[PDB]
Each structure stands twice: as C-alpha cells, then as structure tokens.
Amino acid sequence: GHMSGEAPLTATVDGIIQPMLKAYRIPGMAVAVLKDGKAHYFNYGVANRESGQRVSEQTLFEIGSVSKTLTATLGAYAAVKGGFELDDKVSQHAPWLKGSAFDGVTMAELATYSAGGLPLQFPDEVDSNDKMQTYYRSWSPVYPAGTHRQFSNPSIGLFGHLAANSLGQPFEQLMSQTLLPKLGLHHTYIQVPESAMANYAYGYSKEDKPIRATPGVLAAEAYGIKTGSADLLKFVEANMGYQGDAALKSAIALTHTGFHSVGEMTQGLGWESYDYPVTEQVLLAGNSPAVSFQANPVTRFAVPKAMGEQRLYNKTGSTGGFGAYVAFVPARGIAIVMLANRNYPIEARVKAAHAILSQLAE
C-alpha cells in the first residue's frame, strides 16, 4: 500500500510479523520502528514459554552479533579519546603480541574482519585468558592482511578488548560505566543484574529447550549484550542523528565509515551498509552465508570513507536461542529492530524487515 499512517503501518507490521511467528514457531518477538524519526512498538508472544510472561519493549533478548555494533562503538570512542589510531599495528597495543603475526595487522583490519582469516569462533579449547594469549601469539595468517573478509569473533573480540585496554579499563566496565550511560541505554547489559533478571527472556534452542548464552573468551565483546526493543531503538536513534557529547558523536560517525566491500555490502566498524533504496535480493545476498560468514576477497577502498546518511546500515545476530535484526536509514528517518527468542532464519528476518521498511518509506 502506498499510503502512510497508523492504520497502514499496523496492517503491514502485524501482517508481516504474525505469519512469520507461526511459520517458525517463534515464542516471542519485540519489534520497534522509526518513521519520520518517530517510534512505534509491536510486541508478540511470550518471553518465557513455561510462565507465559508476555514480551514487551522491556523484555531482554540476547542480540548476538548485533552486540558487535556496540563493541565497535566503544572501540571508536577509545580511538577518539586517543587510546589508539586505526592504522596502528595491533602489537603496538599489546606488548605480548610483539613478534607475532599481529605486527603486520592494523587495528582497523582487526575490527573489520580483514586481518587474514581469523576464524568465526575460537577453537573449543581456547577457553581461558592464558590460552587466548597463546592462541593469538601463535596464529598463522591464512590470507595476507587486508585482502579477505572472514567474519570472526576472535577478530572483533580482540579489537574491543585492546581498545578498552588502551584506556586502562576492562571492556565490561567501560561499556557499563561509560558507553551505555552516555548513550542513555539504562536497561542494556552484558551481565544482567539480579534486579533485571525477571525481564530476561529465555531463548528456545533448535531442540526447543530453554537456553541462554554462557561465558566465554571475549564473549562480552563478541556477543555480550542483552537488551530490549526500546533500548536498542534508542541506540539506533543515536545512529540516525546524535547531538551531544562531541566524542560520542565522533565515535558513532566513525562506525559509519566504510573500509572495504564484498559485493554490494560495505563493511564498517560494527555496521554493514548498503545503498538506499536497496532491493530485497541484494539485502538477502549480503546477509547470506556465502557473503556474510565465509571468506571473500574484498574490494579495498583507497582510503576509508564516511558512507553518509543515504545508506541502509544493518546487522544480524544470533545465539543458540535468540535471533535479532536491526536496520536503519539515517537520511530517511526510518528504522527497524526485531528481537526474538528463537534463532530463526536470517532470510526470514531480512524479507520481513525489507517489507516493513518499504511501508515506513511511504
């Protein structure tokens, strides 16, 4: 429909989301959108299947790799505050990495998954800090630095860890005591406090059992965040146009810089972006396993470039029991957050988000 208003918007969102929840047996979903910069909220189903607690915009969901947009923002903030420069070698900020392959990898390459084939996940027995250091010290590059994109927890994890260390504070502390309060995200956590536990959904695994994320090496950096639709939309709004702390503004802007592309997707700090308008087929391809999660040679940029407001920025994320998607278009005043307590197919996330974004654009 080519008309706007509360009536067509609700017809579209309910019409897109309700069938999808049935098709994938999603217990609960929180959805929030921006249109002309104004927010609308839709909640469906249950946070906890046993208790029947209903999802609201306060329900906490694991957002998986969407956490990496906050990790990247924290890393950008530390760069703006002078802790490191993006072209710095990684071992300039980790004395224990001098004389390793990380003498030849930049902080930017580590943040953008282009260090040379760091894997999706740490090997299973890299499960302590000591083992982690040995792991990176001994790592042998699969590809030359800057040439290939391979999405990787170890890569963005180390970026966030070292960025925090450059300011002399642990990552979780910097996130919880500085980044989140300055962003005004008061119900967003890496470690959910006992007072907020009643709002934390359970995830429902592929075997249909309750599950939540567990501690792990660089888990905070790679997949640490639990949040609701209202807080996550607030973070989106800070990305649509932020006025305030100059340092935080600069940091957010730095997450909108493009470093290289794979096909029609441009990799920034945290956020991945597209042209806007963008077709459903392109958005699906950019988020498909072949592109998003396997090794690809990149189209290198001569210099990193501010991608600007006429872009669709996005990120997918998942954990064992949860499936999240966020997309926004700063110039157009439109965005979508979709948080669910099932890890359901990214293709379904993208098709639903595209359809809703097309109505928001009217």
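One rule holds for the numbers: they count along the sequence shown, beginning at 1.
Annotation for 296-304 versus 330-338: the higher mean temperature factor (C-alpha) is found in 296-304. Stretch comparison (351-359 versus 4-12) by mean CA B-factor in the PDB entry places 4-12 on top. The PDB entry assigns the greatest CA B-factor among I156, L74, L97, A220 to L97.
The residue among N287, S205, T106, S261 whose C-alpha atom has the highest B-factor in the PDB entry is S205. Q53 sits in the highest third of its chain by CA B factor, as recorded in the PDB entry.
For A47, the recorded CA temperature factor ranks within the middle third of the chain's modelled residues.
Remark: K209 belongs to the highest third of its chain, ranked by C-alpha B-factor as recorded. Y143: CA B factor lies in the middle third for its chain, per the PDB record. Among the modelled residues of the chain, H161 sits in the lowest third by CA temperature factor in this PDB entry.
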